[PDB]
Every structure is written in C-alpha cells, then in structure tokens.
Amino acid sequence: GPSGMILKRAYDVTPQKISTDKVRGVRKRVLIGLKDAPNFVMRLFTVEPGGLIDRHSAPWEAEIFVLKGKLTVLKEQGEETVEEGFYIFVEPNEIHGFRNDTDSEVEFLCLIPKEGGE
Amino acid sequence: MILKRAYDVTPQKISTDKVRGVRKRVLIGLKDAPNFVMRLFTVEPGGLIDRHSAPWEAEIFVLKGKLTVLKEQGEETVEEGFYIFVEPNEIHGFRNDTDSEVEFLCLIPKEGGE
Ligand SMILES: [Cu+2]
Ligand SMILES: [Cu+2]
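Chains as they are written, first to last, in our numbering: chain A, 1 to 118; chain B, 119 to 232.
Next up, the structure:
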C-alpha cells in the first residue's frame with residue numbers, strides 16, 4: 001500500500017449519529033477506517049447521557065480503551081462499571097453492550113478487525 | 119470478557135541501544151488476541167524510541183502529554199487527543215522533550231508480536 005504517516009486530532013472528525021435498532025444516544029468518529037486500514041479499524045465512540053448500545057454479539061472481537069467518563073458495561077450476566085483508563089477485550093461471539101448512566105459524555109476507542117467494517 | 123484498569127498491568131522497562139526511558143504495558147496480548155494487540159507506552163522525560171521501521175502498520179492514540187514523532191526526515195510534535203496511523207514500512211520513532219510522562223496507546227497486527 002501507500003507510504004507515510006497520518007497524524008490528526010481525533011476531534012477534527014465530526015461525530016456522526018449512530019441510530020439502529022440496538023443503539024441510541026451514540027455518535028462515532030472513524031479515525032482509521034477501511035480506506036486506510038490494512039488489518040483493523042480505529043473508531044472513537046461518544047455515548048451521550050442515557051445513551052445505550054444494547055446487548056448483542058458479533059462474530060469478531062473488539063478491543064476497547066475508555067478515554068473519558070464512567071461507562072456501564074452490559075455482560076451476559078449482569079453489568080460492571082469501568083472508567084477512563086480501563087481497557088476491555090470482547091471475545092468473538094461474547095454478549096456485550098454499554099450504557100451511560102451519568103449526566104456527561106463517555107468516550108471510548110473501539111477497534112475491530114476490518115472484516116467487521118468501520 | 120476482560121475489563122481492567124490499564125495502570126494495573128505491570129509495565130516493562132525498556133533500556134537498549136535503540137529504546138531508553140520507556141515502559142510498555144501489554145494490555146491485550148498474544149494469548150488473547152485473534153488478530154491485533156493493544157499496548158500502552160509511557161515515555162519518561164527525555165525518553166526515546168529511535169527511528170525504525172516494521173513490515174506491519176501501527177495505530178496509535180496519544181493519551182497524555184506532548185509526543186514528538188520522528189519521521190524519515192524531521193519530526194512533528196502532537197499531543198493528547200491525536201491519533202497516528204503509521205503505514206507499513208514507514209520510518210518512525212518517538213521522543214519526549216517535556217518534563218512530564220507521555221503516554222500513548224499502540225496497536226499492531228499480532229505478527230508484530232506483543
Ligand atoms: Cu458490539
Ligand atoms: Cu515501531
């Protein structure tokens with residue numbers, strides 16, 4: 001592929017609304033997307049207050065790093081709190097979801113293999 | 119599902135002829151990762167990762183401080199809230215010219231090891 005290095009403020013990317021049957025109150029910035037990624041993509045998710053990614057699973061793994069705020073992680077059995085400075089590894093096919101139970105925005109990085117899109 | 123405070127992962131000190139004043143935490147390593155690994159680097163004041171290149175890409179997010187990025191020629195300083203995409207084979211390195219620790223997340227395909 002091409003040469004070089006991209007160096008960019010993540011907030012230069014506009015946060016786009018995600019609205020699906022299972023997601024509400026979430027925006028996403030694609031940082032390193034399909035147009036560039038040899039293997040895996042980097043997105044920055046913003047969960048608005050009360051925002052919800054309902055429990056689901058995917059056939060690929062996810063790697064998450066929490067940048068800002070206090071995030072409720074939905075698990076097959078129950079839920080757990082994480083905050084800025086936590087990482088999360090979601091195995092392929094593992095049930096997971098997220099909710100923001102606070103009154104300020106939560107931000108997290110989420111990376112998936114590029115076969116799962118951006 | 120693994121949920122952990124990154125700080126609680128024990129950092130590995132690196133001090134070699136090419137890397138000094140750097141600590142590395144393997145957050146998501148080879149034992150867990152099907153495809154790519156997640157590391158968190160801390161660069162002490164004056165710390166250096168000298169110029170090098172790899173056959174794989176790197177995806178970085180700057181978490182704390184002002185990171186000086188070495189390029190094939192010259193350098194560029196960025197700060198917390200920047201992401202960096204290093205193409206495969208691109209010469210790169212890092213330095214911390216500030217008086218406080220700099221931290222960045224770095225992910226590579228698992229062929230790059232942990
Ligand atoms: Cu998911
Ligand atoms: Cu490197």
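All C-beta atoms, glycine included, are put in the ideal place defined by N, C-alpha and C.
Out of curiosity, what's the CA-to-CA distance linking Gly33 (chain A) and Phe203 (chain B)? Taking the first residue of the first sequence as 1, we reach residue 33 (chain A) at position 33. Taking the first residue of the second sequence as 1, we reach residue 203 (chain B) at position 85. Taking the CA atoms as reference points, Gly33 (chain A) sits about 10 angstroms from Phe203 (chain B).
Near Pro206 (chain B), which residues of its chain fall below 8 angstroms by C-beta distance, leaving aside the five closest residues on each side in sequence? For the purposes of this step, residue 206 (chain B) is identified with residue 88 of the second sequence, where counting begins at 1. Closer than 8 angstroms at Cβ, skipping near neighbours: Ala172, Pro173, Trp174 and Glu175.
Anticipated Cβ contact below 8 angstroms, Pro129 (chain B) with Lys142 (chain B), distance rounded: Residue mapping note: residue 129 (chain B) aligns to position 11 of the second sequence, counting from 1. Residue mapping note: residue 142 (chain B) aligns to position 24 of the second sequence, counting from 1. That pair is a contact at about 6 angstroms.
Ordered along the chain, which non-local residues of its own chain (more than five positions away) have a Cβ less than 6 angstroms from that of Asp168 (chain B)? Counting from one through the second sequence, the residue named residue 168 (chain B) turns up at place 50. Non-local C-beta neighbours of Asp168 (chain B) in its own chain, meaning closer than 6 angstroms and more than five positions away in sequence, comprise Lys136 and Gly211, ordered along the chain.
Starting from the beta carbon of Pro206 (chain B), find every residue of chain A whose beta carbon is closer than 8 angstroms, and list them in chain order. If you number the second sequence from 1, residue 206 (chain B) lands on position 88. By Cβ distance, chain A contributes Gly1 and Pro38.
Kindly give me the distance between the Cβ atoms of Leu109 (chain A) and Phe40 (chain A), rounded to whole angstroms, as I take these residues to be in contact under 8 angstroms. The residue labelled residue 109 (chain A) in the question sits at position 109 within the first sequence. The residue labelled residue 40 (chain A) in the question sits at position 40 within the first sequence. The pair is not a contact, with the Cβ atoms about 12 angstroms apart (cut-off 8 angstroms).
Determine the burial state of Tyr125 (chain B): buried for a count of at least 16 other Cβ atoms within 10 Å of its Cβ, exposed for fewer. Within the second sequence, numbered from 1, the residue matching residue 125 (chain B) stands at position 7. Exposed, since its Cβ has fewer than 16 Cβ neighbours within 10 Å.
Assuming the contact rule is C-beta atoms closer than 8 angstroms, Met42 (chain A) and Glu177 (chain B) should be a hit. Round their C-beta distance to whole Å, please. By 1-based counting over the first sequence, the position of residue 42 (chain A) is 42. By 1-based counting over the second sequence, the position of residue 177 (chain B) is 59. 5 angstroms between Cβ atoms; contact.
As an exercise, report each continuous beta strand (DSSP E) stretch of at least 3 residues that is fully enclosed by the segment 125–173 of chain B, in chain order. If you keep only unbroken beta strand (DSSP E) runs of at least 3 residues inside the segment 125–173 of chain B, you get 130–132, 137–146 and 154–170.
Residues surrounding ligand 2 [beta-carbon distance to nearest heavy atom under 6 angstroms]: Residues close to ligand 2 by the beta carbon criterion (under 6 angstroms to any non-hydrogen atom) are, from first to last along the chain, B:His170, B:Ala172, B:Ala176 and B:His210.
Whole-angstrom distance between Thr72 (chain A) and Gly78 (chain A), CA atom to CA atom: Here residue 78 (chain A) refers to the residue found at position 78 of the first sequence. Here residue 72 (chain A) refers to the residue found at position 72 of the first sequence. Distance between the alpha carbons of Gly78 (chain A) and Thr72 (chain A): 10 angstroms.
Whose C-alpha, out of B:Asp217, B:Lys184 and B:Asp215, is nearest the C-alpha of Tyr201 (chain B)? Reading the second sequence from its first residue, position 83 is the one you call residue 201 (chain B). Comparing C-alpha distances from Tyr201 (chain B) to each of B:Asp217, B:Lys184 and B:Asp215 shows the shortest one belongs to B:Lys184.
9 angstroms Cβ cut-off: residues of chain B touching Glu80 (chain A): Along the first sequence, read from residue 1 onward, the residue named residue 80 (chain A) stands at position 80. The CB of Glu80 (chain A) comes closer than 9 angstroms to the CB of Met119 and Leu121 in chain B, given here in chain order.
Suppose the cutoff is 7 angstroms on Cβ atoms and the five residues either side in sequence are ignored; what does the same chain contact list for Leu31 (chain A) look like? Mapped onto the first sequence, residue 31 (chain A) falls at position 31. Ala10, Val13, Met42, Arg43 and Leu44, listed in sequence order.
Between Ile167 (chain B) and ligand 1, is the CB less than 8 angstroms from at least one heavy atom? Residue 167 (chain B) sits at position 49 when you count from the first residue of the second sequence. No heavy atom of ligand 1 is found nearer than 8 angstroms to the CB of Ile167 (chain B).
Under the rule that 16 or more other beta-carbon atoms within 10 Å means buried, what is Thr20 (chain A), buried or exposed? Position 20 of the first sequence, counted from the first residue, corresponds to residue 20 (chain A). By the 10 Å Cβ count, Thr20 (chain A) comes out exposed.
Quick one: is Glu190 (chain B) buried, meaning 16 or more other Cβ sit within 10 Å of its Cβ, or exposed? Taking the second sequence and counting its residues from 1, the one referred to as residue 190 (chain B) is at position 72. Counting Cβ neighbours within 10 Å, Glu190 (chain B) comes out exposed, since fewer than 16 surround it.
With C-beta atoms as the reference, is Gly199 (chain B) less than 9 angstroms away from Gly165 (chain B)? Counting from 1 along the second sequence, the entry for residue 199 (chain B) is found at position 81. Counting from 1 along the second sequence, the entry for residue 165 (chain B) is found at position 47. No, the pair does not count as a contact, with Cβ atoms beyond the cut-off.
Chain-ordered chain A contacts of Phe203 (chain B) [CB-CB under 7 angstroms]: For the purposes of this step, residue 203 (chain B) is taken as residue 85 along the second sequence, with counting starting at 1. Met5, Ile6, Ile32 and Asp36, listed in chain order.
Closer than 8 angstroms: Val155 (chain B) CB and nearest ligand 1 heavy atom: As a first step, residue 155 (chain B) must be located in the second sequence, where it is residue number 37. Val155 (chain B) Cβ: outside cutoff for every heavy atom of ligand 1.
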